[PDB]
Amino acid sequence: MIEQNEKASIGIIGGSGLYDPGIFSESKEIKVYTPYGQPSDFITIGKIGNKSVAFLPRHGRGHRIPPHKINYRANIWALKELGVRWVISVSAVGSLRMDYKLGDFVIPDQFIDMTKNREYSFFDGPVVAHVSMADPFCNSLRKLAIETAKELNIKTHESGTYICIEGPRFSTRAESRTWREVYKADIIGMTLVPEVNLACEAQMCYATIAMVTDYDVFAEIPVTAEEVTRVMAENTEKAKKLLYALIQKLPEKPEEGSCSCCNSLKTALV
């Protein structure tokens, strides 16, 4: 209902401990209209290299919004209104495997959705769409993230299955045994779904850079929120370097053959 005059081709969605992405030189905060109401915060917009970039902290100012209350539709709609083509999510995750250690990055390639009662789609009728997500992340962006990590010499696992739980409580031991044994999951978080679904429906090229902030239930002392925040804080500098480099590496527009969600809505529409 509003003409959005601001434009950005790249969107960053920041997770726990990343309210300030530390990537902008000059920037401003803007309110963006959505038919779903409030995005998590005003969007920060500014130039990085030759790129106009939009940033949004998914938990909002002061980490005031828990995963189950995030307005995922408003956040993705807002980025779409700005013309965003690439979406880089930075997230905090638990590790369910010994070799994915604290402070390691992970560029997941799969997910398993264990959320409950979230709003999963932009398409509620009369235009019905069923997006394919066999390979749910954008291949081209994943590959560029991996290349960036390699170039920077930042320890990064190049695949992984993210299990997304509802929260806000952390998992029981019986649940975590299931995640690791039943679903073959590698990392765990609360915010990936429906963010990734909605980005795909919006024909964006979305990928997650996850950082391991805890060992879930598997260390001598189980995960706590305090641990997650502490570990993310210890590693923000690395995250910012990776982010700054990746943003400048991105081509103008995602390749069709390397982005399954780009322009693929046609075969998803009934």
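Residue numbers run from 1 along the displayed sequence.
Identify the stretch, either 229-237 or 55-63, whose C-alpha atoms have the larger mean B-factor according to the entry.
Between 229-237 and 55-63, it is 229-237.
Taking the mean of the C-alpha B-factors per stretch from the entry, tell me the winner out of 101-109 and 187-195.
So the stretch with the higher mean C-alpha B-factor is 101-109.
Of the options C205, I70, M211, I48, which has the highest CA B factor as deposited?
Most elevated C-alpha B-factor of the set, per the entry: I48.
Which third of the chain holds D124 when residues are ordered by C-alpha B factor: lowest, middle or highest?
Lowest third.
Relative to the other modelled residues in the chain, which third contains the C-alpha temperature factor of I154: lowest, middle or highest?
Highest third, going by the recorded CA B-factors of the chain.
When the deposited Cα B-factors of this chain's modelled residues are ordered and cut into thirds, is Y215 in the lowest, the middle or the highest one?
For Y215, the deposited C-alpha B-factor lands in the middle third.
Would you mind checking where the Cα B-factor of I23 ranks among the modelled residues of its chain, as the lowest, middle or highest third?
For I23, the deposited C-alpha B-factor lands in the highest third.
Among the chain's modelled residues, which third holds the C-alpha B-factor of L250?
Ranked within chain, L250 CA B lands in the highest tercile.
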